[PDB]
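Chemist: Please read through the structure below; I'll follow up with questions.
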Amino acid sequence: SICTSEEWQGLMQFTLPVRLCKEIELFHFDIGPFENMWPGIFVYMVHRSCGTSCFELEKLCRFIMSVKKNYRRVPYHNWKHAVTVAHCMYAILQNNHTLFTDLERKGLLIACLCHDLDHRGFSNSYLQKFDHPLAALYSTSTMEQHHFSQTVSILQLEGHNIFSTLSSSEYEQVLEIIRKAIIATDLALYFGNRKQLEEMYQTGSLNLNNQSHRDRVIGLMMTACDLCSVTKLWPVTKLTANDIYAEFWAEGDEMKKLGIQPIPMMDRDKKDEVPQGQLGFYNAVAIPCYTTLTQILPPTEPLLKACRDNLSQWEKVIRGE
Amino acid sequence: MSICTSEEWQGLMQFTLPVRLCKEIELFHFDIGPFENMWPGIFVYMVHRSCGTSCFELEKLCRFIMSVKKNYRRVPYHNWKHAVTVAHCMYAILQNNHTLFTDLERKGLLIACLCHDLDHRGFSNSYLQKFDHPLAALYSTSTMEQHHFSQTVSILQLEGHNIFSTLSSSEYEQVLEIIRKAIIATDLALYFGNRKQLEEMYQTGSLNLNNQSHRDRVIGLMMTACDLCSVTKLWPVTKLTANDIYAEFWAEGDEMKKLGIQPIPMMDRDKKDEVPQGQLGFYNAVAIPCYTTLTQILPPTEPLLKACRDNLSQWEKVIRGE
Ligand SMILES: CCOC(=O)c1c(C2CN(c3cc(C(=O)CNCN(CC)CC)c4ccccc4n3)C2)nc2ccccn12
Ligand SMILES: CCOC(=O)c1c(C2CN(c3cc(C(=O)CNCN(CC)CC)c4ccccc4n3)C2)nc2ccccn12
Ligand SMILES: [Mg+2]
Ligand SMILES: [Mg+2]
Ligand SMILES: [Zn+2]
Ligand SMILES: [Zn+2]
């Protein structure tokens, strides 16, 4: 997928409505109601965080419109999710201004937009269990290796390599940041990452000039952004939930077409247990993520608070309220 | 005994409870899990709300709290989280039956709950006695529970930690007796005779509350109900805490396999299949009887029994492959 001459020139015209400017800096901001602004909203966030002279604008608008093209029309892992994850990374880096290099803020905003590129709405287990081509290629973190492969594809396209103008080494530094960040969105790898950071922060040996330590903190940040649907206002959070299950149930529907019972999270015949499942996901995954994050990055506390507020709302739904 | 630093207890005095949580704390099913940084301050609030703001001096109290956390170990279940969970359930029981207990007992039972598993290594009473651990020789029966009380007194005897200094020396030994008895009653090996005795004293109608020997038995049942209160939370919380319990059990079951001895199925991670039926039998024989007799004695404590029943249906739904 390469964007036409027709698409990206309109993106160079876009100026963000000034009434938002302040509301976009909030952690809990929702990009939902501004669909035709999401491509330019990403341009805005790149210019604010990295400077307008960071990328040359012609190359940048092409890359954003091609990446958008390569997102399938699935309920949840779509173009809206990519810009929602990218905004959370924007808010984290804006509130941790003096912690990350220019190169890291470049890659991470790029990595978040492309972290789910060409998602087909299926979990890694589905591709591996039922012998998908990509699973025969990428044995572990199947889609995550595909997501990074899809990004490198677009970057190698003509007029798209926004990283054309870095040092030849500096560029190979960016791709490692982008790869490790996208690989870190594999939720299965999150538990080892967050437990390692737990012991490290606790023992005090968490060293922020240790590169592998930096990559672990980046990975937790990628997880925090990937889950940021739990950190919006409860009206927004409850709505994104409907998108998540519609895609889960669709994968489980394919599981039934054989003759197998999917896990209850992917069974539409078990919608009643959804509020309990959310309460369990927040306590087992979400709360640990943003708690270790806030411990490492104190400015990211609004995420932890918003996640706690959303957790009590699910508890009220379970408790008959 | 690891003493807490000054920055630890200083930040505790400045802590304020978020307005919204003040209401949710009073509910039996309240789950402290998602508010880890708030756990020490939550205990301050529960002490203040039940025992008064002038009860303990905030300086010594915040020292005792943060030092008790430091002496709780990093085992999968019997840790700092478990202490505040048991302490909260006691607060809820005490709040809903406030004037039924003295002011000295509310001070004793809340403090004893916070310290009831101090310095837990993650090994049951049977392990330490089988492999003649030194503590099994110093404490013949109720091995860890007697040590927990010794750990509790060691913290009180630390410089500037004694929150009971301002009691009359009669009431000093009095509250220490309530605390010693409460921490001993958390030995589940004693609950079964004590619950059976309370059940008979109730149905015949001879259970009297200012009968001191009866009073300790009722406090013992309250200490048991608080120790098991994870069965009284919402289903997803109870499953997550069940994983904490089995993670520690199975670790002890591995050590016996290193010594060539098959552990009991409860501590055998190769018998994970029997987990739902093992929970079903624990509820029927232990948990449900505990809160049933407790609700007969203190009817305000019912929501524990109903929530314990709610999770009994879920454990039965799991055994039927659902
Ligand atoms: C794959 C990771 O999930 C997410 O990314 C995810 C989810 C999922 C939806 N949800 C579940 C989860 C279950 C479970 O199976 C719970 N089982 C406990 N553990 C194993 C015993 C694993 C956690 C479930 C069961 C019945 C009905 C509905 C259910 N819904 C987690 N909700 C959000 C919201 C915001 C951002 C992300 N997520
Ligand atoms: C003793 C202390 O137990 C607790 O504190 C405890 C427990 C225990 C874990 N559990 C068991 C218990 C068994 C048993 O062996 C039950 N005994 C049955 N026999 C009759 C006497 C003969 C069949 C078990 C067996 C296999 C696999 C797993 C198993 N899990 C009880 N569950 C909770 C939940 C919430 C708060 C507390 N607890
Ligand atoms: Mg993904
Ligand atoms: Mg104990
Ligand atoms: Zn994602
Ligand atoms: Zn206990």
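Counting starts with 1 at the first residue shown.
Determination method: X-ray crystallography, 2.3 Å.
Each residue, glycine too, has its Cβ placed from N, Cα and C.
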Chemist: Which of these, A:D30, A:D131, A:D215, A:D226, does Swiss-Prot say binds divalent metal cation 1 at the same site as A:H81, A:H115, A:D116?
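Modeler: It is A:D226, as the record lists it for that site.
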Chemist: In the structure shown, which of the binding-site residues A:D116, A:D226 has the fewest Cβ neighbours within 10 Å?
Modeler: A:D226
Chemist: Helix, strand or coil: which one is A:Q278 (3',5'-cyclic GMP binding site) in, per DSSP?
Modeler: helix
Chemist: I want to check the contact list for A:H81 (divalent metal cation 1 binding site): same chain, sequence separation of six or more, C-beta distance under 8 angstroms. What comes out?
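Modeler: In sequence order, A:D116 meet the Cβ cut-off.
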Chemist: Within 8 Å of the Cβ centroid of the divalent metal cation 1 site residues A:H81, A:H115, A:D116, A:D226, which other residues of the same chain have their Cβ?
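Modeler: Going along the sequence, the neighbours appear as A:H77, A:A82, A:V85, A:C112, A:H119, A:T185, A:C225.
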Chemist: What is the interatomic distance between the Cα atoms of A:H77 (active site, proton donor) and A:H115 (divalent metal cation 1 binding site), given in whole Å?
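Modeler: One finds 10 Å between the Cα atoms of these residues.
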Chemist: Determine the minimum-neighbour residue: among A:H77, A:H115, listed as recorded positions, which Cβ has the fewest other Cβ atoms within 10 angstroms?
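Modeler: Output over recorded positions A:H77, A:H115: least Cβ neighbours within 10 Å is A:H77.
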Chemist: I'm trying to understand the geometry here, so how far is the Cα atom of A:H115 (divalent metal cation 1 binding site) from the Cα atom of A:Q278 (3',5'-cyclic GMP binding site), in Å to the nearest whole number?
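Modeler: Pair distance, Cα basis, whole Å: 23 Å.
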